[PDB]
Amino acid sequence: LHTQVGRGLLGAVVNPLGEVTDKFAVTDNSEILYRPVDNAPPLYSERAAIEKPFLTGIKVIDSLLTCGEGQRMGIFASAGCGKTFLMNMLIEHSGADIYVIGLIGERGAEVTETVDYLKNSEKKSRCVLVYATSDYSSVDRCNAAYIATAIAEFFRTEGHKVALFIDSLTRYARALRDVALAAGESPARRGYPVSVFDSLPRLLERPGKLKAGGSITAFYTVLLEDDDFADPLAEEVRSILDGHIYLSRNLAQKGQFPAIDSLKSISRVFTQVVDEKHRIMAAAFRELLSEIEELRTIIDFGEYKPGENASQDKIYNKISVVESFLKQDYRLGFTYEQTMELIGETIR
């Protein structure tokens, strides 16, 4: 019901009971205060409108799927579509003041690798990790996600630009379902006025940019088992969030990382966070992308003959420059100016 917050948590690993069990970095700051884990969302008049981009350093995201400060973004993928490797890139190459990572219900060896990753990360001094393994109860697994959010909320009140990752919403939904059964609530039908299952939208309206403070930019992972299978839970959270990154099993098997399929991904606030020149290039790049895949089905049909159609020849010779723009080594981050200069060269 109450948890630790403050700059003293930076570098710490907190378990579902809200107290630190390990450290991946040590910080001079020792500030530790207490706040409730359940806090009301900001009133609409306290929220500011999402107007500023949150740059990620990932070329495909920053150019075609631009995020905004205060935005909540879903990341849809199955195991293993490098969703953990995409989150490592989001943490490495973005420019947030503070990162708060929440590992829900995961196996256990997964928790130790995230800490091992943070131990060697350049952002270690600005990160907090909340974990709940498979051995912890379902009650505790849920509380890991609201503790992670509450920690992020304190940093936002202090003015910080915060980035929140909860991986995963899938295993959070499963553990939550277990909590509902203890109250008798079934997934099909429910309880009223407070249902255990409405724990999910309540938790997802807490991020955002405050007029009087900083912002929480949130990334929620949703596991798409199997092979971009439409899980029922997957369609509700697409209803609530401001956009979704979709990690494609198909683009992964061909060796393209990140396996983001931009044509099946969106950011709703895109046109509000980029200028007109950006919108023109992104629009032109999406049509180049669409015409490429139209040509790939023509090729697979054995229907493409070089020299027969000058348009198809022009599209074909762009495949290499388009694929190289989309690819990205996870150790590399790109500034907005480099992303926009590369996308223009791809379109010319």
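Residue numbers run from 1 along the displayed sequence.
Enquirer: Out of 330-338 and 12-20, which one has CA B-factors that are higher on average in the deposited record?
Expert: Higher mean C-alpha B-factor: 12-20.
Enquirer: Tell me which stretch, 91-99 or 141-149, has the higher mean Cα B-factor listed in the entry.
Expert: That would be 141-149.
Enquirer: So if I compare the CA B-factors in the entry for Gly302, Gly68, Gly307, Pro41, which one is the largest?
Expert: Max CA B-factor in the entry, restricted to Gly302, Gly68, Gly307, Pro41: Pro41.
Enquirer: What's the residue among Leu118, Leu263, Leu223, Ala212 with the greatest CA temperature factor in the PDB record?
Expert: In the PDB entry, the greatest C-alpha B-factor among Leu118, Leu263, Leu223, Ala212 is found at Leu223.
Enquirer: What third of its chain's C-alpha B-factors does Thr271 belong to: lowest, middle or highest?
Expert: For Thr271, whose C-alpha B-factor we compare with every modelled residue in the chain, the answer is the middle third.
Enquirer: Lowest, middle or highest third: which one holds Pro187 when the chain's residues are ordered by CA B-factor from the entry?
Expert: Its C-alpha B-factor, which the entry lists for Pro187, ranks in the highest third among residues of this chain.
Enquirer: When the modelled residues of the chain are sorted by Cα temperature factor, does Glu158 land in the lowest, middle or highest third?
Expert: Lowest third of the chain for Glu158's C-alpha B-factor.
Enquirer: Select lowest, middle or highest to describe the third in which the CA B-factor of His244 falls within its chain in this entry.
Expert: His244: CA B-factor falls in the middle third of its chain.
Enquirer: Lowest, middle or highest third of the chain for the C-alpha temperature factor of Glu323?
Expert: It belongs to the middle third of the chain when residues are ordered by C-alpha B-factor.
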